[PDB]
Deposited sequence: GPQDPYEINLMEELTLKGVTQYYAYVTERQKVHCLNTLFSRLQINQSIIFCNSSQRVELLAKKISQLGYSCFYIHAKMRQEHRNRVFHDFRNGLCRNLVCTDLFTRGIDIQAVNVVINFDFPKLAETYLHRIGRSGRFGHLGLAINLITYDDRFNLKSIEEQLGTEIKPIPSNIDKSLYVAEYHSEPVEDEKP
């Protein structure tokens, strides 16, 4: 682990506004962005694209031949951002849990030099508490300036 784990507190309505700002301020080579349902993966990818950014998405409601080709394109550096649900790429230096995961196991799969930013809503609080204790480690409120040494290669 060379991952630095932050959270931002948001409501659902602030999520896109929040991400767009992370898209501007972080120095991203590639990002992976996790949501909690295939519907939301699609909506967000569209949102990201309308805001002016490059964007692939994968989820479970796709043919495997199709999911695997997109994932391979992404691995090969043929897009900047990938929105996905749950399943490293060296160029990925930032991971965003647009939707906070529900189990420590699932978090570990998403987080396993990089940054992992969590979007925490009032409704994510028992999961945050439970996931922290279960892994030992704390997820610190997102600072005003993050040290490029922590996630930029």
Deposited residues without C-alpha coordinates, grouped into stretches that follow sequence order: 1-16, 104-108, 134-140, 182-193
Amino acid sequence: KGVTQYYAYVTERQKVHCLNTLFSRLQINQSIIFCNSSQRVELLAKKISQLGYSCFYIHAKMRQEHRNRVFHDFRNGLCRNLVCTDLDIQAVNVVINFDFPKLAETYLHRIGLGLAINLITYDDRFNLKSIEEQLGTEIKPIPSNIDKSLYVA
From here on, numbers count along this sequence of modelled residues.
Between the two ranges 6-14 and 132-140, the one averaging a larger CA B factor in the entry: 132-140
Between 141-149 and 20-28 (mean CA B-factor, as deposited), the higher: 141-149
Identity of residue with top Cα B-factor, from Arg110, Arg40, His59, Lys47: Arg110
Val94 by Cα B-factor - lowest, middle or highest third of the modelled chain: lowest
Chain thirds of CA B-factor: placement of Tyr53: middle
Assigned third (lowest, middle, highest) for the C-alpha B factor of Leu87: highest
